[PDB]
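Single-structure report; data block below.
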Amino acid sequence: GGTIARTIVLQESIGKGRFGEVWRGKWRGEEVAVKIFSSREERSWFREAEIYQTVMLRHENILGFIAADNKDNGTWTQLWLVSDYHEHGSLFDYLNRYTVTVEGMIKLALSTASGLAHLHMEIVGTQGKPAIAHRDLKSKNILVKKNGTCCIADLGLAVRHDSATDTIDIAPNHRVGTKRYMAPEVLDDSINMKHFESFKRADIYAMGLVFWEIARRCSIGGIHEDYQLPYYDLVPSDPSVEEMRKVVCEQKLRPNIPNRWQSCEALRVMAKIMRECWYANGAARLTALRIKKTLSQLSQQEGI
Ligand SMILES: COc1ccc(-c2c(-c3ccnc(NC(C)=O)c3)[nH]c3cccnc23)nc1
């Protein structure tokens, strides 16, 4: 029989995904994360398995995929996905529990941008990698590793591009991600979903929101802000597309950038990156590769 799910023992319930239940399990003596889907969720399981098996996807800042498998308990079949386990869990959880140093903030922002740049990058060759857009980037979908760096997770809603024909591998539905992090063009449905670059640009808007969440938690001289989700000051919990659209598209508001972020170079660099991810016009936003370059130049300066 099989050598994956058969030999894994579930230990602790982690929580529920969009589809699938998440667990901490033990495989060959090591801790692993397991996501379990029912038979009726096969389409969601298969699509996530497909994204994680993309040629050349592996990267230090992308969740490490182990395997897709099935497990029959004698009554029903379970569809499994197995990955590396990260004890800190999400960046959302990490930022709620802790404050970070200037060094800590740059490590989190650089690692996030490096993972997104890798996802977004097309690699030519026999073992080429297609460009991939996430479509649901948020702090709850980024995990924090023991070394204080991030890895991008929740790849189930991703879209992949074929550069030669300029085609996207699936027929994309509108507004699939988390409403709070939807880019202006997604909220007002002006996004041209036939152009792959549109999805990459919408991911950068969401990454800007995540950088704002991190920067709030950066403590200098014991001074920092409390943890908040972006737009906590303007929309209810679980906002609708309409509530977000009125704020982001009509009133044209963005998360507030505090005055204290101008007192420190690292916070001035982060604040400038945010403003340049938040442009209503996606074509004006920075690329993930440009952000990675800016933050790498900053990490080198701070001696991280
Ligand atoms: C390809 O296989 C997987 C397996 C698990 C997850 C996954 C994880 C996950 C991963 C690693 N470590 C942890 N660690 C702590 C402490 O939660 C949690 N959290 C989630 C929440 C919702 C949906 N999926 C997930 N994704 C993909």
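As shown in the structure tokens, the chain order sets the letters A, B, ...; within each chain, residues go from 1, and ligands are also counted from 1 in the order they appear.
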
To check your reading of the model: which residues sit at most 8 Å from ligand 1 when counting only C-alpha atoms and all ligand atoms? Write the answer as a ChimeraX atom specification. /A:14-24,32-35,48-49,52,63-68,80-90,140-141,143,153-155

Based on the backbone DSSP call, show me all residues of range 193-260 of chain A assigned alpha helix (DSSP H), as a ChimeraX atom specification. /A:196-216,241-245

For the atom pair CA of residue 1 in chain A and CA of residue 72 in chain A, what is the interatomic distance in Å to one decimal place?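 Answer for the CA of residue 1 in chain A to CA of residue 72 in chain A separation: 11.7 Å.
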
Mind checking DSSP for range 41-171 of chain A and telling me the strand (DSSP E) residues as a PyMOL selection string? chain A and resi 65-72+77-84+132-133+142-144+150-152+159-162+167-168

Have a look at CA of residue 167 in chain A and CA of residue 195 in chain A and let me know their distance in Å, one decimal.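 Distance between the two atoms: 8.3 Å.
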
A:109, A:283, A:193, A:116: which is nearest residue 212 in chain A, counting only C-alpha atoms?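 The closest residue to residue 212 in chain A is A:109.
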
Surrounding residues of range 244-247 of chain A excluding itself and chain neighbours under 2 positions, 8 Å, only C-alpha atoms, as a list in words: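 What passes the distance filter is residues 179, 180, 184, 187, 188, 234, 235, 239, 240, 241, 242, 249, 250, 251, 252 and 253 of chain A.
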
Of the residues A:29, A:115, A:104, A:130, which is the one nearest to residue 62 in chain A, using only C-alpha atoms?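 Answer, going by the shortest atom-to-atom distance: A:115.
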
Can you work out the spacing between CA of residue 129 in chain A and CA of residue 158 in chain A in Å, to one decimal?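 Here the two named atoms are 14.0 Å from each other.
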
Hey, which of A:146, A:43, A:201, A:260 ends up closest to residue 284 in chain A? Count only C-alpha atoms.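 Checking each candidate against residue 284 in chain A, we get A:201 as the closest.
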
Write out as number ranges by chain each polymer residue whose atoms come within 10 Å of residue 97 in chain A, counting only C-alpha atoms; drop sequence neighbours fewer than 6 positions from it. A: 88, 91, 217, 227

Contacts of residue 60 in chain A within 10 Å, only C-alpha atoms, excl. fewer than 6 positions in-chain, as a VMD selection string: chain A and resid 111 114 to 115 118 145 149 to 152

For residue 25 in chain A, work out the shell of residues within 6 Å, counting only C-alpha atoms and skipping chain neighbours fewer than 3 positions away, then give it as a short mmCIF file (atom, residue, chain, number, x, y, z; two decimals) with N, CA and C atoms, in the first residue's frame.
```
data_model
loop_
_atom_site.label_atom_id
_atom_site.label_comp_id
_atom_site.auth_asym_id
_atom_site.auth_seq_id
_atom_site.Cartn_x
_atom_site.Cartn_y
_atom_site.Cartn_z
N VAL A 9 0.00 10.04 11.47
CA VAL A 9 -0.94 10.00 12.60
C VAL A 9 -1.29 11.45 12.94
N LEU A 10 -2.58 11.77 12.89
CA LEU A 10 -3.07 13.10 13.23
C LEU A 10 -3.01 13.28 14.75
N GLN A 11 -2.55 14.45 15.18
CA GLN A 11 -2.35 14.74 16.60
C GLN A 11 -3.21 15.85 17.15
N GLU A 31 7.03 16.43 12.49
CA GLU A 31 5.74 17.11 12.45
C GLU A 31 5.45 17.59 11.02
N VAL A 32 4.23 17.34 10.55
CA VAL A 32 3.72 17.78 9.24
C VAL A 32 2.36 18.44 9.40
#
```

Pick out the closest residue to residue 282 in chain A from this set: A:163, A:172, A:202, A:134. Count only C-alpha atoms.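 Comparing A:163, A:172, A:202, A:134 against residue 282 in chain A, the winner is A:202.
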
Name the closest residue to residue 300 in chain A among the candidates A:189, A:103, A:30, A:12; distances are taken between atoms, counting only C-alpha atoms.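 Of A:189, A:103, A:30, A:12, the one nearest residue 300 in chain A, counting only C-alpha atoms, is A:103.
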
From the set A:232, A:211, A:205, A:196, which residue has the shortest atom-to-atom contact distance to residue 132 in chain A, counting only C-alpha atoms? A:196

Neighbouring residues of residue 225 in chain A were defined as those with any atom within 9 Å, considering only C-alpha atoms; residues of the same chain fewer than 4 positions away were excluded. Please report them as number ranges by chain. A: 215-219

Restrict the selected residues to C-alpha atoms and save them as a PDB file, in the first residue's frame.
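Saved to selection.pdb:
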```pdb
ATOM      1  CA  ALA A 215       4.831  47.897  10.265  1.00  0.00           C
ATOM      2  CA  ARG A 216       2.186  48.557  12.993  1.00  0.00           C
ATOM      3  CA  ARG A 217       3.885  45.828  15.088  1.00  0.00           C
ATOM      4  CA  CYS A 218       7.416  47.180  14.696  1.00  0.00           C
ATOM      5  CA  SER A 219       8.481  48.395  18.183  1.00  0.00           C
TER       6      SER A 219
END
```
